[PDB]
Structures are given as C-alpha cells and as structure tokens.
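These notes concern the structure reproduced below.
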Amino acid sequence: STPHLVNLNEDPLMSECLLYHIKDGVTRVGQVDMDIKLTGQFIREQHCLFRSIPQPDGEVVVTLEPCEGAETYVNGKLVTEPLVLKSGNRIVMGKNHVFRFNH
Ligand SMILES: [Cl-]
Ligand code: NI
C-alpha cells in the first residue's frame with residue numbers, strides 16, 4: 001500500500017490533521033511552507049522531511065531526516081541523523097505531535 005502517517009494524539013485540534021499518505025518523493029514537515037504543517041511551540045519552520053524512494057519490486061522505502069535544531073524521536077530515541085523508518089514506528093515531533101508510521 002501507500003505508507004501512512006497516522007495521528008496518535010488523543011485530542012487533536014479541529015485544524016489538526018489526522019492522517020497523511022506519504023507519497024513518492026520528499027514530504028517536508030514544519031510550519032512555514034511545508035507539505036505537512038504542524039503548529040506546536042517546538043515545531044521548527046523546517047522540522048524534518050520524509051523521503052519515499054521505490055525499490056526494484058515497486059515496494060517503497062521511507063526515510064526520515066531531522067533538521068538542525070528540530071527535535072524528532074522514533075520509538076523513543078531522539079533522531080539526530082537520517083534513518084530508515086519501519087511499519088509500526090512511533091514518531092514524535094516537537095513535544096505535541098505523535099504519529100505512527102504505517103506501511
Ligand atoms: Cl511541539
Ligand atoms: Ni491509505
């Protein structure tokens with residue numbers, strides 16, 4: 001299937017987005033001029049980005065790259081360099097945005 005980024009927040013705001021499909025290419029996450037806009041106090045203008053790249057068989061590989069000074073955690077570990085995501089991974093951006101990556 002397409003990879004999904006699913007919003008795990010228990011009380012998401014009306015403006016807040018519950019589910020994104022991660023499309024082929026770069027999805028930029030942040031506040032100012034991004035493909036996914038998150039508003040929390042700790043979300044930087046350019047927070048991080050997803051890369052979706054195809055394999056020989058069509059199956060996709062999604063990586064997450066954090067931006068300088070923008071905190072993101074995958075399964076509890078702060079991610080500081082780019083990282084290949086896996087279905088089930090829990091991603092927190094800033095302190096107020098929790099997702100699951102579902103492939
Ligand atoms: Cl935040
Ligand atoms: Ni879907």
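Chain labels follow the order of the structure tokens: the first chain is A, the next B, and so on; residue numbering restarts at 1 in every chain, and ligands are counted from 1 in their shown order.
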Surrounding residues as a PyMOL selection string, ligand 2, max 7 Å, only C-alpha atoms and all ligand atoms: chain A and resi 1-2+4+21
Store the residues picked out above, limited to N, CA, C and O atoms, as a PDB file, in the first residue's frame.
ATOM      1  N   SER A   1       0.860  -1.230   0.000  1.00  0.00           N
ATOM      2  CA  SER A   1       0.000   0.000   0.000  1.00  0.00           C
ATOM      3  C   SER A   1       0.884   1.263   0.000  1.00  0.00           C
ATOM      4  O   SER A   1       2.130   1.164  -0.046  1.00  0.00           O
ATOM      5  N   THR A   2       0.244   2.441   0.034  1.00  0.00           N
ATOM      6  CA  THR A   2       0.957   3.683   0.351  1.00  0.00           C
ATOM      7  C   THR A   2       1.325   3.647   1.833  1.00  0.00           C
ATOM      8  O   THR A   2       0.599   3.035   2.648  1.00  0.00           O
ATOM      9  N   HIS A   4       1.406   5.360   5.401  1.00  0.00           N
ATOM     10  CA  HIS A   4       0.604   6.363   6.102  1.00  0.00           C
ATOM     11  C   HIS A   4       1.313   6.933   7.312  1.00  0.00           C
ATOM     12  O   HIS A   4       2.017   6.222   8.020  1.00  0.00           O
ATOM     13  N   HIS A  21      -1.084  10.365   3.676  1.00  0.00           N
ATOM     14  CA  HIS A  21      -0.368   9.358   2.888  1.00  0.00           C
ATOM     15  C   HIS A  21       0.987   9.945   2.502  1.00  0.00           C
ATOM     16  O   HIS A  21       1.060  11.084   2.093  1.00  0.00           O
TER      17      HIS A  21
END
Every residue of chain A that DSSP places in strand (DSSP E), as JSON, numbers by chain: {"A": [4, 5, 6, 7, 19, 20, 21, 25, 26, 27, 28, 29, 30, 36, 37, 46, 47, 48, 49, 50, 51, 52, 53, 54, 60, 61, 62, 63, 64, 65, 66, 72, 73, 74, 77, 78, 83, 84, 90, 91, 92, 93, 97, 98, 99, 100, 101, 102]}
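Considering only C-alpha atoms and all ligand atoms, every residue of the polymer chains approaching ligand 1 to 10 Å or closer is listed here: residues 38, 39, 40, 41, 42, 43, 44, 70, 71, 72, 92, 93, 94, 95, 96, 97 and 98 of chain A.
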Nearby residues (only C-alpha atoms) at most 12 Å from residue 52 in chain A, same-chain spacing under 6 positions excluded, as an MDAnalysis selection string: chainID A and resid 2:4 21:28 58:65 84:85 103
